[PDB]
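Only one chain is given next, in structure tokens, and it is the form deposited without the RNA.
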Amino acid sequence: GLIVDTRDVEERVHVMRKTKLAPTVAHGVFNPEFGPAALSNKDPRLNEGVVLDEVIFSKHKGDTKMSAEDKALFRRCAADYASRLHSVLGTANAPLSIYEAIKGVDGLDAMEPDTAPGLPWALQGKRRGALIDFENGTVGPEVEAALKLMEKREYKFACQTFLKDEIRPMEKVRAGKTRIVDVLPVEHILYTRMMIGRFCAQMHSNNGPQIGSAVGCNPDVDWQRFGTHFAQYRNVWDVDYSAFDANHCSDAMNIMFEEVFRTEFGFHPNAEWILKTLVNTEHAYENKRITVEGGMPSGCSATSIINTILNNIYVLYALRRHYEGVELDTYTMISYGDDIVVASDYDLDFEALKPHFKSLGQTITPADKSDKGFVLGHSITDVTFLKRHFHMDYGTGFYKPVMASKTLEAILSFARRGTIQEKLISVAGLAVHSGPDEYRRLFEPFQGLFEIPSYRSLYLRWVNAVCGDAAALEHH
């Protein structure tokens, strides 16, 4: 986005912290080229000249203003995608009750009871639980007051910059490439969920190529569904973006919000309004207040869904800006945020699409760097989606999500104190797909210290998850 103003204020919003990640027994064995991101400017690992503040906001290099002709085309694309989306999902998009927004509904998890509350609550020493009764699904006086301002469209707010405590490749760690979470006030998240939580739950429940979204999918069971679909096309491309979320221009955001969340599609008039509050935002970092025009805040409610919707419209837009007669059936795709897989029987020239994506402020390049240009002929077995490859399981003939061993090793090398056992059971679910031998090697360091699921048990669990009938047939 475009930083239009920077100012210093009296109130200091703390951002520096201590990492909660520590090495595990596997770290000494795998020696991963990864480490916890720097959470302080004083971190000795940072390179000379690295100012955490600056690096974090360096992604904002402008808000691309689209021509009248391009915005008209973009609206047509947004409306065409919206037509497909609501045709598949239906129009039961009315507001969620306060209780439902807090507790959740089928397809939408409940809100986090103890995560950051945002501003100005964090400066007042108030935690989320002091504002909302998460057990009974009710809100206190402070939130109630804020909701009234939102119903009247008079609500104002500032985002709290939060450093993401996570593992990253060391090269990025040293460069100070610590990612962030733009924490919005809890009442804002609550109201956003009230306005579009219904729609979000439905998108989760209907994930797939038809609506171009993988948000809410379960790789274990869905890779077979996604794999068989894409294996049917002549060409498959996996695209990479640079700062996808930060480079969404205000024109694209506003237009998308205007065409997708219309009252005629079952949404309350305030759904478009609350989403639009995300376009021009104020961010607090220590004593600084930075105003940014354009770009999607990080971690805001429905972030994955919004980014995925934009990704779908971007592809339709770019193809139509280059070719004539392009429609939704000209190609097929699936995306999760900035992650994306596109396919078509037509020999689409993605290299030529670069300038068209640039008109949106987005920079695309092939996911496969062993080629300074897009090529034809790739298949579903050559792409990576959600950090997973599409491999055929020889035992069943079903596709399974396989993660790179270097990635798994890195994941296994660090953990928050007291969570290792639970983390291992989770990663085991990801590692089973790498096969018996690699599975054994990856968990070898933990043997005897923690309970490691047998490869056999996880494989059987997976077969039934992907196809219950197949699991049953094996018993005739």
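Numbers follow the displayed sequence, beginning with 1.
Of the two segments examined, 124-132 and 167-175, it is 124-132 that shows the higher average Cα temperature factor in the deposited entry. Once the C-alpha B-factors are averaged per stretch, 189-197 and 400-408 rank with 400-408 first. The entry lists C-alpha B-factors for 344, 224, 281, 242, and the highest of these is at 242. Ranking 117, 95, 269, 366 by the C-alpha B-factor listed in the PDB entry places 366 at the top.
Among all modelled residues in this chain, the alpha-carbon of residue 429 has a temperature factor (C-alpha) in the lowest third.
Ranked within its chain, residue 4 lands in the middle third, by CA B factor from the PDB record. Among the modelled residues of its chain, residue 48 has a C-alpha B-factor that falls in the highest third according to the deposited record. Residue 352 sits in the highest third of its chain by CA B factor, as recorded in the PDB entry. Among all modelled residues in its chain, residue 264 ranks in the middle third by Cα B-factor.
One more form of this protein exists, namely the form solved in complex with the RNA; it is left out here, but the text below deals with it.
Contact with the RNA in the entry with it bound, defined as any heavy atom within 4.5 Å, is confined among 147-155, 111-119, 81-89, 319-327 to 111-119.
When the RNA is considered in the entry with it bound, only one residue from 224, 301, 362, 312 comes within 4.5 Å through any heavy atom, namely 301. Exactly one listed residue, out of 66, 56, 411, 46, brings a non-hydrogen atom to within 4.5 Å of the RNA in the entry with it bound: 411. Although the partner is absent from this view, residue 386 contacts the RNA in the entry with it bound, with a non-hydrogen atom inside 4.5 angstroms.
Although the partner is absent here, residue 218 is a contact residue: one of its heavy atoms lies within 4.5 angstroms of the RNA in the entry with it bound. Contact check for residue 193: a heavy atom falls within 4.5 Å of the RNA in the entry with it bound. Taking the partner from the other structure, the RNA in the entry with it bound has a heavy atom within 4.5 Å of a heavy atom of residue 407. Three-residue candidate spot 337, 423 and 426; every residue lies within 4.5 angstroms of the RNA in the entry with it bound by at least one non-hydrogen atom.
The partner is not shown here, and in the entry with it bound the stretch 58-95 never reaches within 4.5 angstroms of the RNA through any heavy atom.
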